[PDB]
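Read the structure below first, then the notes.
Protein chains in written order, with the authors' numbering: chain B, 947 to 1009; chain N, 103 to 153.
Now the structure itself:
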C-alpha cells in the first residue's frame, strides 16, 4: 500500500478487482449476505473485506 | 639608493585553475520510475461454494 505507486491509468480498484475476480469473487468487492435475524437475502449486496484494526489505549475503565 | 615608486602597472592577470563540463546524459535511476504492482500469473480460485 505504498503511496504514489498506482496512477490514474493503472488504478488501485482496477488492480484489486481483477485480483478478486480471479478468485471467483466479484470485481467491485461486494458479496451478498443474508439477514441473520429474518433469514432472507438482503436486497443490496454488501461490501465486505479484510482490514487491519488497531485498539486504542483509551478505555471506559480509565475514564 | 633607496626604493622609489615605479610606473603604474598597465594590466593585471588573475590566474585560477578550472576543469570542464561533460556531456549531459542525465542517468536518473538504477532501476527507474515507480514499477507497477501486478498480477501473479494464473493464480486460480482458492475457494469454492458448498454443494
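Where a beta carbon is used, it is the ideal one built from N, C-alpha and C, also for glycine.
Own chain, CB closer than 8 Å to residue i, minus 5 neighbours either side, in chain order
i: residue 994 of chain B; result: 975, 976, 977 and 979
i: residue 149 of chain N; result: none
i: residue 133 of chain N; result: none
i: residue 973 of chain B; result: 963, 964, 966 and 967
i: residue 981 of chain B; result: 987 and 988
Sheet register partners of residue i (DSSP bridge)
i: residue 992 of chain B; result: B:977
i: residue 964 of chain B; result: BP columns for residue 964 of chain B are empty, so no partner.
i: residue 1012 of chain B; result: What the structure shows of chain B is the stretch from 947 to 1009, and residue 1012 of chain B is not part of that stretch, so it cannot be assessed.
Proximity of residue i and residue j at Cβ, strictly below 7 Å
i: residue 136 of chain N; j: residue 983 of chain B; result: no
i: residue 147 of chain N; j: residue 970 of chain B; result: yes
i: residue 138 of chain N; j: residue 956 of chain B; result: yes
i: residue 145 of chain N; j: residue 968 of chain B; result: yes
Cβ neighbours of residue i in the same chain (closer than 6 Å, five flanking residues each side left out)
i: residue 958 of chain B; result: 952
i: residue 926 of chain B; result: No answer is possible for residue 926 of chain B: it lies beyond the span of chain B, which begins at 947 and ends at 1009.
Nonlocal neighbours in the same chain, by C-beta distance under 7 Å from residue i, ignoring five residues either side
i: residue 1006 of chain B; result: none
Any C-beta of chain A under 7 Å from that of residue i
i: residue 968 of chain B; result: In the displayed structure, chain A is absent; the protein chains listed are B and N.
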